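Next up: just one chain, as structure tokens, the form deposited in one PDB entry.
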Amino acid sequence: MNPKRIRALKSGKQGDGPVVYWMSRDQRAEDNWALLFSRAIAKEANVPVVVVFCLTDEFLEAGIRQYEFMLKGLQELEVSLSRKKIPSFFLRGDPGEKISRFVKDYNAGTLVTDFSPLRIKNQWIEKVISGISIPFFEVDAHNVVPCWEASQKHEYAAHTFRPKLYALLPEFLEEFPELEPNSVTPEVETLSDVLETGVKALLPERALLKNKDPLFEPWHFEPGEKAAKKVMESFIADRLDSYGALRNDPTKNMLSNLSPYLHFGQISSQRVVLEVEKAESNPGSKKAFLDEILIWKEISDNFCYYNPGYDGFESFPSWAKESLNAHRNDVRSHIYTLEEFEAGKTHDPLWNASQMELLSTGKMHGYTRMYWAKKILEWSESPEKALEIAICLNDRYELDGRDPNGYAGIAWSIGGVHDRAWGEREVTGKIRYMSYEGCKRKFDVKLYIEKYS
């Protein structure tokens, strides 16, 4: 176990009680460095290890599609942890008041949590640190290389972060040891009841069409840690060979579809890299997939970690902020509201079809996501309004929303983060421009539109 994967958030006196794992971002039993580190510390202290998940009050800022996917994965996760003699306690309320109360009530000795660069995660840490007296650690179980170890500053481009990540691969890209069960079973409600009351409070704000029927289709992605492995095996055996040539074709389902499992942490990205690296397929397709799940994925955590205002206009590069400021007073072709973008009532059938896929499946195609966000910038009153509309529609209907990948992706499409300066156009400026005629020459837009009516 590499000691570089774990950071110390707060020092203090260690108690004689069970080591608590505050699971937030990585909801899985296998390939969880934070869970493995908690077990190792528990073994050395001759005490059991426990897992504590907090059902925060911000679940109403999302939809049922993200609430059911996460909770139904925990129901399978609770059974798996119980088979390892590891109890799980699901708390409802503020993490600042629930974690600090659980530590005091159960005489916790050491508190461990997974790493997350999001602002909401840092808000909870500030509350938890102020109310605990036991050692506090955090472990990066999401990225293959720890976020603080890949780079010590903000990487403005992928070609500068790629050499730093690949050079650290021989040290951190390794196999996961078996999660040892607890020696004995140690000494706040049913998840089924939490899902029933949670959905009931989310029914009035459910996405529906004119016929009062739901828009979301839950049969596309089955939640759970077992289902994530089945999808990963399907991609390597069926879609990995043609991934490098059909990644930019929205009409073909040639993607891995691992993001909803990678977002909630139901499957480890390092596990996906290990299986792909030992798989024999097209070298140009493996390189394309490795560049997306390692470079572009972990650079999204580098963006949110080394930029506090990652969701603001100030995190954009200097060239993009000056170019957008020089085209603020340009007459936009169209100005749509948030309700018009949400309902897909624009003049672009390609953009509307992209939005419908977001509403129905909850996972828009990787290529169309770049087009869907750049048209928001072109059809908004200001770049600040484009950021809010893109972030809102992303975190609300994307099954992988509220993730550093989304914020880095939105900042790339609107502010050109991790991008270069292109030809200077009106309104958009030097930000990379994507046209409807450009997509027609790239893929069959007629089939993509006709699929999502």
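Rigid core here is just the name for the largest C-alpha set that superposes within 1.5 Å across the two forms. Residues carry their position along the shown sequence, with the first being 1.
Not on display, but discussed next: the form deposited in another entry.
Engineer: Which one of 245, 335, 237, 201 is the only residue whose C-alpha moves by 2 Å or more between this form and the one not shown, after superposing on the core?
Structural biologist: The one that shifts is 201.
Engineer: Quick one: once the rigid core is lined up, does residue 152 have its C-alpha move by 2 Å or more between this form and the one not shown?
Structural biologist: No: residue 152 shifts by under 2 Å between this form and the one not shown.
Engineer: I want to check residue 126: does it shift between this form and the one not shown by 2 Å or more at the Cα, with the core superposed?
Structural biologist: No, the C-alpha position differs by under 2 Å between this form and the one not shown.
Engineer: For residue 59, is the CA shift between this form and the one not shown at least 2 Å following rigid-core superposition?
Structural biologist: Shift of 2 Å or more: yes.
Engineer: Kindly indicate if, in the other form, the C-alpha atoms of residue 397 and residue 206 are closer or farther apart than in the structure shown, bearing in mind the change is 3 Å or more.
Structural biologist: Distance between the C-alphas of residue 397 and residue 206: longer in the other form, by 3 Å or more.
Engineer: Check residue 205 against residue 355 at the C-alpha atoms and report closer or farther in the other form, compared with the shown form; the change is 3 Å or more.
Structural biologist: Here the pair is closer than in the other form; there, farther apart.
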